[PDB]
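Novice: coords please:
(chains A, B, C, D and E, ligands or ions: 20)
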Amino acid sequence: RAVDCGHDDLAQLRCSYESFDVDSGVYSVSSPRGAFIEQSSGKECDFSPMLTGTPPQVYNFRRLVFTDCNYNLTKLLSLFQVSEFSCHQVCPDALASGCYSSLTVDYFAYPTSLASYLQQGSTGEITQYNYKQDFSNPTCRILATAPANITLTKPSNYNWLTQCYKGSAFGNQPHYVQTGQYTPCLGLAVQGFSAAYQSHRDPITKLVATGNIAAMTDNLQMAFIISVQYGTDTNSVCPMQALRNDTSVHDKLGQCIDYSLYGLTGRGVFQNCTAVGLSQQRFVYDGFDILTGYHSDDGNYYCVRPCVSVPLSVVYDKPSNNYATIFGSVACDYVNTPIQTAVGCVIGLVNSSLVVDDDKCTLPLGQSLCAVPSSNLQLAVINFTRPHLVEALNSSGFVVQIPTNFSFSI
Amino acid sequence: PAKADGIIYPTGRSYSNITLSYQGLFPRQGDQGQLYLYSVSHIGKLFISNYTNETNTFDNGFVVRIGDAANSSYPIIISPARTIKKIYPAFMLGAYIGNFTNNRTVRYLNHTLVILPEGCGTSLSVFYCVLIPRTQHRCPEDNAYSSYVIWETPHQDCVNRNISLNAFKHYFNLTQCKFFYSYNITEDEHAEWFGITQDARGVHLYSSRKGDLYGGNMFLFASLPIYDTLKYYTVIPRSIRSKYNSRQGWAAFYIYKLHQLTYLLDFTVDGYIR
Amino acid sequence: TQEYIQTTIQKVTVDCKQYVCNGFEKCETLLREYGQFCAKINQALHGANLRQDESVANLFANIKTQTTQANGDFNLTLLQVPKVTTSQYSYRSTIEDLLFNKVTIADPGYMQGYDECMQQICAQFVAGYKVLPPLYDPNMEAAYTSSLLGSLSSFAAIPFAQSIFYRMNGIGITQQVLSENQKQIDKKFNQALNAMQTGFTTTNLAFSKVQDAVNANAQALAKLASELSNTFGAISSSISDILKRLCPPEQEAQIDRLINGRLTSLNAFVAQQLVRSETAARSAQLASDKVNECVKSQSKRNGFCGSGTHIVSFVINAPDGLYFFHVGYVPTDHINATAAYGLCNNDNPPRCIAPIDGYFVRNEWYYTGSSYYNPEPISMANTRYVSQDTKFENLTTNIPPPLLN
Amino acid sequence: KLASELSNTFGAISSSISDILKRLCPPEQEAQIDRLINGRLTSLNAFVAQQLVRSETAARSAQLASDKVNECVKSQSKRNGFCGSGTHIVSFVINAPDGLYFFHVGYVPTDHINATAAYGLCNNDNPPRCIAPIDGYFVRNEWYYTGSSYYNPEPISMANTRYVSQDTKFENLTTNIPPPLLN
Amino acid sequence: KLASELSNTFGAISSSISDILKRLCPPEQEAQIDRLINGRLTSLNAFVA
Ligand SMILES: *[C@@H]1O[C@H](CO)[C@@H](O[C@@H]2O[C@H](CO)[C@@H](O[C@@H]3O[C@H](CO)[C@@H](O)[C@H](O)[C@@H]3O)[C@H](O)[C@H]2NC(C)=O)[C@H](O)[C@H]1NC(C)=O
Ligand SMILES: *[C@@H]1O[C@H](CO)[C@@H](O[C@@H]2O[C@H](CO)[C@@H](O[C@@H]3O[C@H](CO)[C@@H](O)[C@H](O)[C@@H]3O)[C@H](O)[C@H]2NC(C)=O)[C@H](O)[C@H]1NC(C)=O
Ligand SMILES: *[C@@H]1O[C@H](CO)[C@@H](O[C@@H]2O[C@H](CO)[C@@H](O)[C@H](O)[C@H]2NC(C)=O)[C@H](O)[C@H]1NC(C)=O
Ligand SMILES: *[C@@H]1O[C@H](CO)[C@@H](O[C@@H]2O[C@H](CO)[C@@H](O)[C@H](O)[C@H]2NC(C)=O)[C@H](O)[C@H]1NC(C)=O
Ligand SMILES: CCCCC/C=C\C/C=C\CCCCCCCC(=O)O
Ligand SMILES: *[C@@H]1O[C@H](CO)[C@@H](O)[C@H](O)[C@H]1NC(C)=O
Ligand SMILES: *[C@@H]1O[C@H](CO)[C@@H](O)[C@H](O)[C@H]1NC(C)=O
Ligand SMILES: *[C@@H]1O[C@H](CO)[C@@H](O)[C@H](O)[C@H]1NC(C)=O
Ligand SMILES: *[C@@H]1O[C@H](CO)[C@@H](O)[C@H](O)[C@H]1NC(C)=O
Ligand SMILES: *[C@@H]1O[C@H](CO)[C@@H](O)[C@H](O)[C@H]1NC(C)=O
Ligand SMILES: *[C@@H]1O[C@H](CO)[C@@H](O)[C@H](O)[C@H]1NC(C)=O
Ligand SMILES: *[C@@H]1O[C@H](CO)[C@@H](O)[C@H](O)[C@H]1NC(C)=O
Ligand SMILES: *[C@@H]1O[C@H](CO)[C@@H](O)[C@H](O)[C@H]1NC(C)=O
Ligand SMILES: *[C@@H]1O[C@H](CO)[C@@H](O)[C@H](O)[C@H]1NC(C)=O
Ligand SMILES: *[C@@H]1O[C@H](CO)[C@@H](O)[C@H](O)[C@H]1NC(C)=O
Ligand SMILES: *[C@@H]1O[C@H](CO)[C@@H](O)[C@H](O)[C@H]1NC(C)=O
Ligand SMILES: *[C@@H]1O[C@H](CO)[C@@H](O)[C@H](O)[C@H]1NC(C)=O
Ligand SMILES: *[C@@H]1O[C@H](CO)[C@@H](O)[C@H](O)[C@H]1NC(C)=O
Ligand SMILES: *[C@@H]1O[C@H](CO)[C@@H](O)[C@H](O)[C@H]1NC(C)=O
Ligand SMILES: *[C@@H]1O[C@H](CO)[C@@H](O)[C@H](O)[C@H]1NC(C)=O
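Specialist: Residues are numbered from 1 along each chain as shown, chains lettered A, B, ... in the order given. Ligands and ions are numbered 1, 2, ... in the order given. Structure as follows:
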C-alpha cells in the first residue's frame, strides 16, 4: 500500500503524519514566472593600463577600480594562463555569472616561485614589507603567467623589499606595510633593486630600504588581487557573458518574477505604486535591507514585495473519508464551487444554512463556523441556546422557579 | 544633528519614512570646527591670514559648511554694513609634506590633490599633479616669499576659464598630472555642504548640490582614483581684488573632522534626512 | 476595582518548509534530510492550538446561565447594548466598545487579509507563519457576556434595585438606613459606574495587563519574523545571495547553517508557545472561578473581588481575556463609639444577650449596623441569646425588651 | 523528542560517531565530532529547561489537587460550580496515571414550576411584627413554606421562619395569619 | 549558568577573544569570533526565555 503525497491535500496530510490513517480535525498543510531585466546602455571597462605597459613590482602595485562598466572576462582569461587561484567568500564562477557594484584589481609582477609568501597567514618579507591582502570584502588572489605574444613588456628582474627600517639610538625600527596600503619605503624603492641585498638610504627621513633579486623567467609571471562589492552603487559592473536582453514589466505585474535591476538579482512581486524615496538612488530599502521599491526607467515606481504562498488547511472527517480545503484569509476571486467564508475561501463545503449547538461541533473552522458530516461536509454556524426567560409579575411579591423533579449529575 | 548637519547620505540606495541606526563617517555633536575667512584686498595688496602655516591632519576626512550667513549684513573684516555673499573653499591635499628652501609654510612633495573653484564660482576643477615650486621674486623659492594664494578680480573677470589655475600656475609648475576633472556649478546663494573621504577605492567627494539642495544632505559626485593615503590638507588662502566702492562681504566656512560614529537617522517620505 | 484575567493567547501555526527554505528549490533537497523535525513542529503547534480551543469552549460553557430575566434609579446604560450602535457587533456593550477602542491591536485579517496585503500583520505570508482565527467570533462572545449580564437550584426574578437592597443589607447595613438613604445610594452607584469609561487609561493595573497581553503576541511574532534575518555564520541571511555568490561544494555548507539555525529557532518558538499556552489555560480556570464567585454571587471572602465589602460585579470581554468591574462598599467617614460584648439582666438565673451582624453601642444601649452608624432600639430580630460571660455588661436600670420577662 | 534529537547531524557528514571515525581523518574527525558534541549539549540544555518548567507546573497543580480534596471530597462545598455543576452533594477521588481523578456528584433540577413568592409577611398588630423564611420561600397554593430546591408547600412555622424588621416590601396579612405571627 | 556560559568554546580554538586574536590571522579570526558571537547570542536568548 502506498500514498502519493502530491495528488491531494489529504495525502499531503497523511505523508506529513507518516501514517495511512489520520484523525478527524482541521489541520494545516503546506502550501519565477517571468523576467524583469533592466540594464544600462553599455560601457566598457578600461583594462588597457594593465595589458599595455611594463608591470610594476610587489611594493609599487598598481590598482584599478571599476564602476558602471561591462568587461569581457573571457578575453582576459584567454590572455593569461592561471597557475593558482584562492578565493575568499566568493567563487570565480559567481564572478563570471554575476554583477557587483565595484571591482578593485591590484596587479604586479610576481614570480610563482614565491607564491607561498602571498598566502593568507604568511610571515615572509612580502607580507611584512611589500603587500598585505585585505580580507574585509569578497576577494580572490590569482597568480597567472603571461605568454610571450602578449603586449606586456617584461621587466629586468623581480624585486621586493626585504626589510624597511629607520632610526638610531633605539635600535632598528621596523616599518611594516598596512592592510591594503603602500609601504612607507616606497619612495626609496620606486627606482627598484639591481643586486641582491642592495640597500637604499634616504637622509631626510632616515629611512633604509633593502631589496632582493629574482632572475627574470622566460614568460612574465604576474599576480592579481581582485575584490568585489555589493549594494554600493546604483549601477553595477557585469561581465559581458552575464548580460541578457531587456524585458519590460508592463505585463506580469503581481506575480513572483525574477529581476535583474541594474545588476540586482532576486525574485519578488512588482506592483505599480506611488513614488516614494529619492529617485536618483533608484532603490528604496527598508530597515532590514530588503528591496522595497524600484524607481524605474519607464518612469513608474514599483513597490517590490517578496513572493508569498497562500496558506492551506484541511478539514478531514475520518468516518466519512471526506475532506475540504480552506484557503486561509484570501478571497475566492484569487483562488479562481468555492464559498467565501469568514475564515477565507473554502472548496469542498456546501452551504445549507444549518445551525449547530456548541457541544455538537466536532470540526471547528476558525470563527463561529463548523463542518458537519451530515456523506457530505456541510458548512454550519455555531449558536448557543439562550437562557430560559422568566417573566416578572406586577404584584406585591416576586415570581420564583422552584425545582419539581431532579436527577444526579456526576 | 537635530538639523541633520553634515550627514553623508548612503550611496546606491534610499530609505523612506523609517528610522535606522547607521555606522559611518559622521561629525561629532557640538564640534565647533575651524573658522576660515576670505577677505577683500587693500586695488592694493592682498589680505590673507596664516591658514598656510598650520599643519592639519586628514584622518578620515572632513565636512565643510559653505554658505552660512550668505544674506546677512555684517561689518567687513578689513574695515570693522555691507551684504555678504558665499565664497567657495580651495583645498590642497597630499600624502607627503616637506619644506621650502626658506622653511616657511607647507610644501607638498610628490603627487598633490588640488581642488580649486573655477570660473568665478561657476565650476570646480580637481587635479592630481606634482607641483614643482617656482624660483622668482615672491614665488616659494625665495626669501621674499610669505604664502601662496589664488586671486579672482571680479572686475575684469566674468569669463576667463583658467583664472584660478593661472593664479595657481603663478606659484607652481604642474607636471606629471594624472587627471583633471571639471564639474559645473549653478550660481546660487543657498548654504551648501561638501565632504572629502578616502577609502580603499580612492578619494570620494560629496556635495549637497547633487541632491537635497535646499537641505543639507550630501551625495557622492566624484570618485577620484587616488590610492596613496592622504595625511595632510591645507586651505589655500583666497583673496578677492575689488574697488573700495565694490567691496562686498564673503561668508566664512567651517571644517569639521569626520569620525567613525554611530548615528540614528530619520528619513522622510520623500527620502531626505531631516 | 477593575481586574483582567487572560483567557487565550494568539494561535500561531508555522509552515516549517516555507519558513526555513523560503521556496528556494535547492534548500528543499537539503531539508529532506531533516525530514521529521518540521512535522514534529507542526504536530506540536497543532496540539497546542487544539488544547487552547478546548479550553475556550470549556470556559464559555462554564459561564453560561440556565435562566434569565427580562431599572429602579440605577443607570445601567454602559453595561447594556447601545440602542443605536457604533459597533459592527450587535451584542457588544458600550463599555466593551470603549475598552476595545483604547487598546490597539493589529488586525490579522481572516476573510480578505491576503488581498488587503497585496493591495498597496502582513508578514505571515512572507515569513511563513499564520495566525489562526479564534474559536468564537467576538459577536458570540459578546452574546455570552450579555446573556450573563441578565442572570442555587431556584431562580428568583427580583429586580436590580431589590438585588442591590438585599446585597447591601447582607453586609451589615440595616433596613432603615437603606430605606431612608435610597436616593443617595442610587446617586452614588450611578456615579461610580460613570467613572468606568474614564478608568481606561494608563497607570491602571488592569488596563496595563490588557496592554501587556496584547504586546506579548506581537513580541512573539516579531521574534519569529526577526529570526529570519540571522546569518548564523553564513555570508548572508538570504538563500538567493548564497546561491548566486558561491559554488556548489560550498553552497550546501552555507545553506545548511541557515537550515540548522532556523530549525533551532523554530524549536525555541514552539517551546515558548507551549509555556504560554498552558499558562493561558490555568488563567481560564481562574477566570471562571472568579465569574462563579464574584459575578454570579455576592462574595463574603475578603480581597477576592475588589477592595472594600463586595456588593456586585460585572464581566465584559477583553482582548484575549475577560474584564471585571468589582463594585465594592468603602467608607469615607467614621465615628468612635463605645460598644458592649453583651448585656445580661438581674434575674436569679442570669440571661445574657448578643447582637447579630451589629454592635451594642451607647448613645441607654442601642443596636446599630456593622457597616453604618444608626442607633436603633434593641429587639428580638437584632439579638441572639448567648451564655453568660464575665465581660458582659450587667445592666439593671433600663433593660431592653428581649431581656424582659 | 529526547530520543529523536540524536538523529540530527548538526551539519556533520553523519549523525553517527562511528561513520565519522571510519570515513574521515584525524585532522577533520574532531571538526565534525565537536559539531555533534555542541549540538547535543544544546539539545540537552533545552530538554532540562523544559523539564524544569514542567516540574514546577505539576508541583503547583499538586497543590491544587490537595485543595480540591480538602474542599470537595472531605466536605460539602457551598461554592458555586467549584467542584462540578449544580449544587454540590458529595465527591470521591481515585488515582490517575499522573494525578487524581474526581467524581463530583451534583444536584441538578430537571423540571420546574413558576410560583408566586413573598419577601415576607407582617401581621395587623399595632406594633407590626414581620417574619422572613430561611432556606426557602413563602409560596401560595394562603401562604405556605417550601424548600429552596424542591417545591413542597408546607405549613409556616417557627422552624421555617426567622423574625425581621418591618419592611414596606412585605405582604400585610389580615385574613389568615401563620402561627409565628400570632400574638 | 549565565556566568558559566562564557566558558564555552562553541567549537573555536579557545573561549577567549584574546587568544583567538593572538593565535590566528585575519582570514580566520572572524571565522572563530563569529562562532563565539553566535553561541553567546543563542545562550543569551535561552537566559531571557
Ligand atoms: C617623491 O619624490 C621624490 C623626489 O623626486 C622621489 O625620490 C626620487 O626617487 C627616484 C626613484 O625612486 C630617485 O631616482 C634614482 O636615483 C638614483 C641615483 O640617486 C639612480 O641610480 C636611480 O636609477 C633612480 O634614477 C631619486 O634619486 C629620488 N630623489 C630624491 C630626492 O629622493 C620619490 O621616489 C617620490 N616618491 C614616490 C612614492 O614616488
Ligand atoms: C539667501 O536668500 C535667497 C533668496 O532667494 C535664498 O534662496 C531661496 O532659498 C529658499 C530656501 O527655502 C528657496 O525656497 C525653496 O524653493 C523651492 C522651489 O524652487 C521649493 O521646492 C523648496 O521647498 C523651498 O521652498 C528659494 O527658492 C530660494 N530662492 C531662489 C530665488 O532660488 C537663499 O536660500 C538664502 N541663503 C541663506 C543662507 O539664507
Ligand atoms: C569578448 O572577447 C572575445 C575574444 O576577444 C570575442 O570573441 C570574438 O568575437 C568575434 C566576433 O564575434 C569573432 O570574430 C572572434 O572569432 C571571437 N574570438 C574568440 C576567441 O572567440 C567576443 O566577441 C567578446 N565579447 C564581446 C561581448 O564583445
Ligand atoms: C609662517 O611663519 C614664518 C615664521 O617662521 C613666517 O616667516 C616670516 O615671514 C616674514 C614675511 O615675509 C618675514 O619678514 C620673516 O623674516 C619670516 N620669518 C622667518 C623666521 O622666516 C611666515 O610668513 C609665516 N607664514 C604665514 C603667516 O603665512
Ligand atoms: C623554513 C625554515 C623552518 C624553520 C623551522 C623552525 C622554526 C620555525 C617556527 C615557526 C615557523 C613559521 C614559518 C612557517 C613558514 C612561513 C611561510 C612563509 O615564509 O611564507
Ligand atoms: C630598550 O632597552 C635597551 C637596553 O636596555 C635600550 O638600549 C633601548 O634604548 C630601549 N628602547 C626603548 C624604546 O626603551
Ligand atoms: C536581443 O535583442 C537584440 C536587440 O538589440 C536582438 O537583435 C536579439 O535578437 C535579441 N536576442 C535574443 C536572444 O532575444
Ligand atoms: C502607475 O501609477 C501612476 C500613478 O499612481 C500612473 O500615473 C501610471 O499611469 C500608472 N501606470 C500604469 C502602467 O498603470
Ligand atoms: C449560505 O446561504 C444563505 C442563503 O443564500 C446566505 O444567506 C449565507 O450567507 C450563505 N453562507 C455563506 C457562508 O455563504
Ligand atoms: C442565535 O440564536 C439567537 C436566539 O436563539 C438569535 O437571536 C441569533 O440571531 C442567532 N445567531 C445566529 C448567528 O444564528
Ligand atoms: C421525574 O422524571 C422522570 C423522567 O423524566 C420520571 O420517570 C419520574 O417519574 C419523575 N418523577 C417525579 C417525582 O415527577
Ligand atoms: C510614515 O510613518 C508614520 C509612522 O511611522 C505613519 O503614521 C505615516 O502614515 C507614514 N506615511 C506614509 C506616507 O506612509
Ligand atoms: C596664526 O596667528 C594667530 C594669531 O593670533 C596665532 O594665534 C596662531 O597660532 C597662528 N597659527 C599658526 C599655525 O602659527
Ligand atoms: C620644516 O622646517 C621647520 C623649521 O623649524 C621644522 O620645524 C619642520 O619640522 C620642518 N618640516 C618638515 C616637514 O621637514
Ligand atoms: C631649514 O631647517 C633645516 C633643519 O635643520 C636647516 O638645516 C636649514 O638651514 C633651514 N633653512 C633655513 C633657510 O632656515
Ligand atoms: C617652471 O616652468 C617654466 C616654464 O617655462 C620654466 O621656465 C621654469 O624654469 C620652471 N621652474 C622650475 C623650478 O622648474
Ligand atoms: C559646463 O558649462 C560649460 C559652460 O556653460 C559648458 O561649455 C560645458 O559643456 C558644461 N559641461 C557639462 C558637463 O555640463
Ligand atoms: C445614563 O448614563 C448615560 C451616559 O452618557 C447618559 O447618556 C444617560 O442619560 C444616563 N441615563 C439617565 C436616565 O440619565
Ligand atoms: C457582671 O457580673 C458578673 C457576675 O458576677 C461579673 O463577673 C462581671 O464582672 C460583671 N461585669 C460588670 C461590667 O459589672
Ligand atoms: C403592607 O403590605 C402591603 C402589601 O402589598 C405593602 O404594599 C405595604 O407597603 C405594607 N405596609 C404598609 C404600611 O401598608
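Novice: Show the contacting residues for residue B:148.
Specialist: Residues counted as contacts of residue B:148 (Cβ atoms under 8 Å, 6 or more residues apart in numbering or on different chains) are B:52, B:105, B:140, B:171-172, B:236-237. Just so you know, the C-beta spots here come from the backbone N, C-alpha and C atoms, and that holds for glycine as well.
Novice: can you give me the strands for the stretch 151-300 of chain A?
Specialist: For the stretch 151-300 of chain A, the strands defined by DSSP state E, counting those that start in this stretch occupy A:158-166, A:173-174, A:199-202, A:207-214, A:220-229, A:238-239, A:256-261, A:264-273, A:283-285, A:291-295.
Novice: likewise the stretch 1-150 of chain C?
Specialist: With DSSP E, counting those that start in this stretch as the criterion, the stretch 1-150 of chain C has strands spanning C:2-6, C:12-14, C:67-69, C:129-131.
Novice: nearest to residue C:219, of the ones you listed?
Specialist: Counting by Cβ to Cβ, residue C:219 lies closest to strand C:12-14 out of these; the figure is 12.1 Å.
Novice: Most widely separated two among the contacts of residue B:148?
Specialist: B:172 and B:237 (14.8 Å).
Novice: now residue C:10: how far from chain B?
Specialist: Residue C:10 sits at a distance of 26 Å from chain B (criterion: Cβ to the nearest Cβ, to the nearest Å).
Novice: Assess the claim that that residue and residue C:219 are in contact.
Specialist: No: judged on Cβ atoms under 8 Å, residue C:10 makes no contact with residue C:219 at a distance of 10.6 Å.
Novice: When those two are compared, which one has more neighbours?
Specialist: Under the criterion of other Cβ atoms under 10 Å in any protein chain shown, the comparison of residue C:10 against residue C:219 puts residue C:10 first, with 21 against 11.
Novice: Pull the contacting residues for the more buried one.
Specialist: Residue C:10 touches C:131, C:217, C:220-221, C:320, counting by Cβ under 8 Å, 6+ apart.
Novice: Out of the strands of the stretch 1-150 of chain C, the one nearest residue C:259 is which?
Specialist: Nearest of those (Cβ to Cβ): strand C:12-14, 15.0 Å.
Novice: So is the closest one next to chain A?
Specialist: Yes: judged by Cβ under 8 Å from any Cβ of the partner chain, strand C:12-14 and chain A are in contact via residue C:13.
Novice: other SSEs contacting that strand?
Specialist: When contacts are defined as 3 or more Cβ pairs under 8 Å, 6 or more residues apart in numbering or on different chains; DSSP states H and E, strand C:12-14 sits against helix C:35-62, strand C:129-131, helix C:205-226, helix C:248-290.
Novice: Quick check, central residue of chain B?
Specialist: The structure's chain B has its C-alpha centroid closest to residue B:89; by Cα atoms, centre = their mean the separation is 3.3 Å.
Novice: surely that one meets residue B:237?
Specialist: No: Residue B:89 is not in contact with residue B:237 according to Cβ under 8 Å; the separation is 10.5 Å.
Novice: thinking again about what came up before, quick check: the two most widely separated of the contacts of residue C:10?
Specialist: Using Cβ to Cβ, the two most remote members of the contacts of residue C:10 are C:221 and C:320, lying 13.8 Å apart.
Novice: What segments of chain A are helices?
Specialist: A:9-17, A:48-52, A:73-79, A:92-96, A:125, A:186-189, A:332-335 (DSSP state H).
Novice: Need the ones you listed in a markdown table (columns: distance to ligand 2 and mean neighbour count).
Specialist: Shown next, in a markdown table, are those (distance: least, Cβ to the nearest ligand atom, whole Å; neighbours: other Cβ atoms under 10 Å in any protein chain shown):
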| stretch | distance to ligand 2 | mean neighbour count |
| --- | --- | --- |
| helix A:9-17 | 57 | 19 |
| helix A:48-52 | 44 | 13 |
| helix A:73-79 | 46 | 14 |
| helix A:92-96 | 44 | 16 |
| helix A:125 | 56 | 19 |
| helix A:186-189 | 44 | 20 |
| helix A:332-335 | 42 | 14 |
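Novice: closest to residue C:77 out of these?
Specialist: Closest to residue C:77 of those is helix A:332-335 (Cβ to Cβ; 41.4 Å).
Novice: counting contacts, what elements does that closest one pack onto?
Specialist: Secondary-structure packing of helix A:332-335 (3+ Cβ pairs under 8 Å, 6+ apart): strand A:344-347, helix C:113-118.
Novice: Pick the most deeply packed of these.
Specialist: Neighbour counts (mean count of other Cβ atoms under 10 Å in any protein chain shown) averaged over each of these peak at strand A:344-347, with a mean of 22.
Novice: Just give me the longest strand of chain A.
Specialist: Longest strand of chain A, by residue count under DSSP state E: strand A:398-409.
Novice: any residue of it up close to chain C?
Specialist: Yes: using Cβ under 8 Å from any Cβ, strand A:398-409 reaches chain C at A:398-403, A:406.
Novice: and if you look at stretch A:286-299?
Specialist: Yes: using Cβ under 8 Å from any Cβ, we find that stretch A:286-299 touches chain C at residue A:288.
Novice: who touches that stretch?
Specialist: Identification of contacts with stretch A:286-299 by Cβ under 8 Å, 6+ apart yields A:38, A:231, A:248-250, A:261, A:264, A:266, A:268, A:270, A:273, A:275-277, A:279, A:281-285, A:301-304, A:306, B:15-16, B:18, B:20, C:229.
Novice: So among these, which ones count as buried?
Specialist: A:38, A:231, A:249, A:261, A:264, A:266, A:268, A:270, A:273, A:275-277, A:279, A:281-285, A:301-304, A:306, B:15-16, B:20 (16 or more other Cβ atoms under 10 Å in any protein chain shown).
Novice: Please list which of those residues are also close to chain C.
Specialist: By Cβ under 8 Å from any Cβ, the members of these lying near chain C are A:266, A:273, A:303, A:306.
Novice: Tell me how many other residues surround residue 101.
Specialist: All of this is about chain A. 21.
Novice: oops, chain B please
Specialist: Neighbour count for residue B:101, taken as other Cβ under 10 Å: 13.
Novice: again with residue A:200
Specialist: When neighbours are counted by other Cβ under 10 Å, residue A:200 comes out with 18.
Novice: Surely it and residue A:192 touch.
Specialist: No: with contact defined as Cβ under 8 Å, residue A:200 and residue A:192 do not form a contacting pair (9.5 Å).
Novice: residue contacts, residue 216?
Specialist: Just so you know, I chose chain A. Residue A:216 touches A:154-158, counting by Cβ under 8 Å, 6+ apart.
Novice: wait, I meant chain B there
Specialist: B:3-7, B:191, B:193, B:208.
Novice: With residue C:361 instead?
Specialist: With Cβ under 8 Å, 6+ apart, residue C:361 has these contacts: C:337-340, C:367-368, C:373, C:375.
Novice: what's the burial count for the closest residue to residue B:108 other than its chain neighbours?
Specialist: Of all residues not flanking residue B:108 in the chain, residue B:94 sits nearest, at 3.6 Å (Cβ to Cβ, 6 or more residues apart in numbering or on different chains). Around residue B:94 there are 26 other residues, counting by other Cβ under 10 Å.
Novice: Perfect, that will be all.
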